[PDB]
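An overview of the molecular structure
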Amino acid sequence: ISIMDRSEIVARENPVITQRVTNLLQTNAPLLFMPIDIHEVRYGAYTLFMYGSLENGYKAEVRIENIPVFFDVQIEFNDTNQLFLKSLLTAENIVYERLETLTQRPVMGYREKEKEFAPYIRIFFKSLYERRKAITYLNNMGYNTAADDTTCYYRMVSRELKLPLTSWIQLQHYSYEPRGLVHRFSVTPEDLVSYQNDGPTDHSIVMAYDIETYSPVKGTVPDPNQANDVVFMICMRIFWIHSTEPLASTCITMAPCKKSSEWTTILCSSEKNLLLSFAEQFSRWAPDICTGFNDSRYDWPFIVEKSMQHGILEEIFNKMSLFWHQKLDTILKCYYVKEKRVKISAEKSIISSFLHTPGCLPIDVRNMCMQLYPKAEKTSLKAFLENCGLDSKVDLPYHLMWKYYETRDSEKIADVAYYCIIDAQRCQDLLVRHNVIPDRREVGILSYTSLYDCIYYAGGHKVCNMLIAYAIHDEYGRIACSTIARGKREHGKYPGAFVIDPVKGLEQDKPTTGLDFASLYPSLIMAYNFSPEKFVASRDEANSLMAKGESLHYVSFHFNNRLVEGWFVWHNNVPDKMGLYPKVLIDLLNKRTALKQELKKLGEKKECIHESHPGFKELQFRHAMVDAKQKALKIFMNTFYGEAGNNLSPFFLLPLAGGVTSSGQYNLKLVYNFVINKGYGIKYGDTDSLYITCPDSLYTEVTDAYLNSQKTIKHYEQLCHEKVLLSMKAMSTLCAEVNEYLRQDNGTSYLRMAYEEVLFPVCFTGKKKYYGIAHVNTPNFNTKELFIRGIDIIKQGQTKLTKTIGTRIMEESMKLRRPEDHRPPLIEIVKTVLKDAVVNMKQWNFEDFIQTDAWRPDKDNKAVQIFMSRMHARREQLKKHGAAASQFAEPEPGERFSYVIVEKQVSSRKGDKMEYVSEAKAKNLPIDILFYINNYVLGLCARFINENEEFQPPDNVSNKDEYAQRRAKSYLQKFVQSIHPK
């Protein structure tokens, strides 16, 4: 029977590599391995288990022993205090191993060179449990402790050992013990060497699976709790972590399924039998990653509840792992994660519930799509698929699947198998093309954290871990750092940033572009030496330090009705004096710069070679991994300030974050004043961008060269072209002057101003609301793509009508028009374009008005509910004379039929004017366009009107923006229903 294990599959796919790997095995030579799943023994002698794949593809369990278990506390080295520490450690009978003395540099507070180092007693332990108990007790007593990772100790093990848990690892020496499909290695941290090179192509196995459930009640989501509600069907595929080609496929079902060559059909009689078959197939495949779409919310809970009902969960889990036998209660308590708090955005988070089998890190691809698209309001797999440019098969609606399973049709069961396997393939495709595993691996490499942390955790702890990892190195002086929040929990708001009132309106004369700071907050940290160990709090200490000739930067900001003061010792551009935070940012910036240059070289080489080259695959892999590495560097670059400003962070320093914000505001003030004193106007400025204008005196010569000429359309377009050219050149010179002035002010070049395009035709409609033609290097006013930064266009827009009208007003408002010619404002032009759209219907077609819905007894919106009642009554009254259920049956499995609001003879509810597309094409009734205008595209032009001065509400209104919105919309809707009688 062709149920092939790891060994056979990897030997068939990689025969030569398998032979080489074997030859390494019996020779005990160093070989290439990397981890995927990390599991720790939290009781007894601590042991770290890495489950991963060898370079050929063997499933490998690497077990590290003799890992030192320790943490540090700021205590003097005297033996009396050591004995006292042991005394109150043994008071609560907490056992330790030994004591060590080493001098480290505290991370909090500035210290002089002769007092730079501080004593640290080190306490060793045998178990993570004892170490955590001791850490908690010491923090209760108030001792300043460092290197005290309490939850995930493997991050520390990855930290001082310089051993990434998501990169290739070379095993110099090991106690090899083959056991079935698991090649067990017993190793010691001494002979673990991270593979610093690029490394060979990965051969880790990811398994994507999807389930189909049964429930005798029609029209309801099956309940795992209900006995009658069951799983009738499950499918699964295995792939390489990078390839979308399935290595093997297995289908396990209830009804007799037609045999297929594309997958192995396993026939089971009972749900217990199906679950056991799934467990056996998973165990013999032993994948490194078990993944599925929304599995942590629907599939895994359903499977676990079914196993509990059958009382087979312990056996299922033991077959999942086979690495350590665990009792059922232990499984439920530890390995079955329930309602895991997955952080999606700053404010949005979702729950997850999965059975974390050792040796297979679970992935919820829906969670990955959430993370990569935080603001995507459409969350279905179909929604993400075409959002990412992938197509799905005809997803059979639930009801016909239901009748298919009930009738036990073998062909229809095979069709369900095809659909479910296509679902798993789409899941794998989304996981692969989004490059989720490799760039998560890169993030783990940078942060010295496991892939599990890279998946089910935010980036704050990753930034923390990277900070300690950098800090604990020798040249820096072995900085001692703590990973626990300390001090009183202070909550409040920083002083408001320097907000420049945007010059609302549409610009046709002065080219405008934003002088944007290059990584404002990281540059400020670099320039001002904003590091916790460079911070001075005492005013007298700051004065004494200044008396020694040292440069200090003073920060002052009002936080919770009180002034916060602090001083940071400048690094004097001396790498020895460079702070910890500036050192980390400098290293990251240099790495990113080198990687970007190498990526440019690699991409130009790739474009210099044809696609069918034999080395094209390897070159593409190299390019992909370089891009993932630089993207991880970028995301760590951006989130550094946010973690620094995170009050819950162990490294959080309120003076530090306040000083960073105040320095940003002060530098914005300085640049704004500098450019104002130079005659350059300002259109809009916020935080890090200054959209400025050149003085009118600069354009006078070309302006009169246009004026004294005949003033043709060609003359005006030229005038604009040389205006853009002069703006670019002169404002590049201005940017150079600004950079020089900033360097003179700060004494360093880290804080740098930059610009990347210019927007001669530009209109500002509010805060973070602007658009215009982008001229990057050469003035091109015929460009169709338009630089837009914040507007309700990129927020989907759905209907072709909405995107069409938005882009039409966009293009018409940005037309180059001579000052002598008519120059309507934004209000007039939007009124004109809307009049054109509504009066001239012949420009719109049926497909322009397509709107997608679903039969929603769950979401049961009032419009959706009246659509329910509408359609039901309509088919019931159509039944008397005929043709009422042919294409008109119940949409109960969320049938969409792309509903269109048709013209019905005159409540104004949406469901009142439903139309069937078949009926709409058959009779060709007109569409209720006025509904679409005055209820769906008013929200579009909303952002273009509320900026108008008379639409600003009086100061007595607390909800200013909402009232301005509502009354501007009322104005425009009265306009469109009064100028357009019919």
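Residues numbered from 1 in each chain as written, not as in the entry; some residues may be left out. Heavy atoms only, no water.

Structure determination for this PDB entry is given in the record as cryo-EM, at a resolution of 2.92 Å.

1. Observations concerning the state of the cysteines
Scanning the model with the defined rule gives zero disulfides in all. Of the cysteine sulfurs around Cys334, a residue in no disulfide, the closest is that of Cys152, at 13 Å. There is no disulfide at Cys454, and the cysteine sulfur nearest it, in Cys152, is 12 Å away. Classification of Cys454 by relative accessible area gives buried; the value is 3%. (Disulfide = S-S within 2.5 Å. Buried < 20%, exposed > 50% of the residue type's maximum accessible area, 1.4 Å probe, protein only.)

2. What to know about the packing of helix α17 (residues 520-528) against helix α21 (residues 654-677)
Closest axis-to-axis distance for the α17/α21 pair is 10 Å, and the angle between their directions is 100°. Taken together, the axis directions place α17 and α21 in an arrangement best described as roughly perpendicular. Note on element contacts: α21 touches α17 through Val660, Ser663, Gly664, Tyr666 and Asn667, opposite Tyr521, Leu524, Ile525 and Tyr528. (Axes fitted to C-alpha atoms, helices over the stretch in contact; angles between N-to-C directions. Helix = DSSP H or I, 4+ residues; strand = E, 2+ residues; numbered from the N terminus. Parallel < 35°, antiparallel > 145°, perpendicular 65-115°, else oblique. Contact = heavy atoms within 4.5 Å.)

3. Some details on the environment of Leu506
Within the secondary structure, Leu506 sits in strand β22 (residues 505-507). The spacing of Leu506 and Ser307 is 199 residues in sequence and 64 Å in space, taken between C-alpha atoms. Sequence-distant contacts of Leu506, that is, excluding residues within four places in its chain, are made with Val762, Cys763, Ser813 and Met814.

4. As for the environment of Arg297
Summarising the element assignment, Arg297 is placed in helix α7 (residues 295-310). On the basis of relative accessible area, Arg297 is assigned to the partly exposed category, the value being 24%. The sequence separation of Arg297 and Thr407 amounts to 110 residues, and the corresponding C-alpha distance is 29 Å. Apart from residues no more than four positions distant in its own chain, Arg297 is found in contact with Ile350, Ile351, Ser352, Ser353, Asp364, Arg366 and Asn367. Of note is the side chain of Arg297, whose polar atom sits 3.5 Å from the side chain of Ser352. (Polar contact = N/O pair within 3.5 Å; in protein donor to acceptor, adjacent residues only side chain to side chain.)

5. Considerations on the pairing of strand β13 (residues 230-240)
Within β13, 11 of the 11 residues are buried, leaving the element largely enclosed by the surrounding structure. Sheet topology note: the strand β12 (residues 205-214)/β13 ladder contains 10 bridges and is antiparallel. Each bridged residue has a counterpart across the sheet, and for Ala208 the counterpart in β13 is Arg237. Direction of pairing for β13 relative to strand β14 (residues 248-253): antiparallel, over a ladder of six bridges. Each bridged residue has a counterpart across the sheet, and for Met233 the counterpart in β14 is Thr253. (Pairing = 2+ DSSP bridges.)

6. Some points on unusual backbone geometry
Positioned with a positive phi, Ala286 is a non-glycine residue whose angle comes to about 45°. With respect to the helices and strands, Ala286 occurs in the loop between α6 (271-285) and β16 (289-292). For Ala286, a relative accessible area of 14% puts it in the buried group. Even without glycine at this site, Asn924 takes up a positive phi of about 60°.

7. Observations regarding the packing of aromatic side chains
Per the counting criterion, the structure on display carries 48 aromatic pairs. Judged by centre distance (5.3 Å) and plane angle (85°), the ring pair of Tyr174 and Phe185 falls under edge-to-face. With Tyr174 in the loop between β8 (169-171) and β9 (175-179) and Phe185 in strand β10 (residues 182-187), this pair connects stretches of sequence that are 11 residues apart. Connected via pairs of aromatic rings, a cluster forms that spans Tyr684, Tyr691, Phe764, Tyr770 and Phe787. Cation over ring: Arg98 sits above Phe124, and NZ or CZ is 3.5 Å from the ring centre. (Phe/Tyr/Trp six-rings, centres within 6.5 Å; stacked < 30°, edge-to-face > 60°. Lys NZ or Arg CZ within 6 Å of the ring centre and 35° of its normal.)

8. Topic: the domain arrangement of the protein
Domain boundaries in the protein define domain 1 (1-200), domain 2 (205-435), domain 3 (444-475) and domain 4 (843-852 + 898-978). Taking only C-alpha atoms, the centre of domain 3 and the centre of domain 4 are 50 Å apart. (Domains from an automatic or database assignment.)

9. Here's the deal with the sheet that holds β22
Strand order in the open sheet formed by four strands is β22-β30-β31-β32, with antiparallel pairing between adjacent strands. Two strands bound the open sheet, and with one partner strand each, they are β22 and β32 (787-789). Adjacent strand axes in the sheet meet at a mean angle of 10°, parallel and antiparallel pairs treated alike. Of the pairings in the sheet, the one linking β22 to strand β30 (residues 762-766) comprises three bridges and is antiparallel in character. Each residue of the ladder has a partner; that of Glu507, found in β30, is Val762.

10. A look at the pattern of salt bridges
For the coordinates displayed, the defined rule picks out 41 salt bridges. Salt-bridge contacts for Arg98 lead to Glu100; the nearest nitrogen and oxygen are separated by 2.3 Å. Residue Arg98 is classed as partly exposed on the basis of its relative accessible area of 39%. A network of salt bridges, in which partner residues are shared, links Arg6, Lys59 and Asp288. (Salt bridge = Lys/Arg side-chain N within 4 Å of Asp/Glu carboxyl O.)

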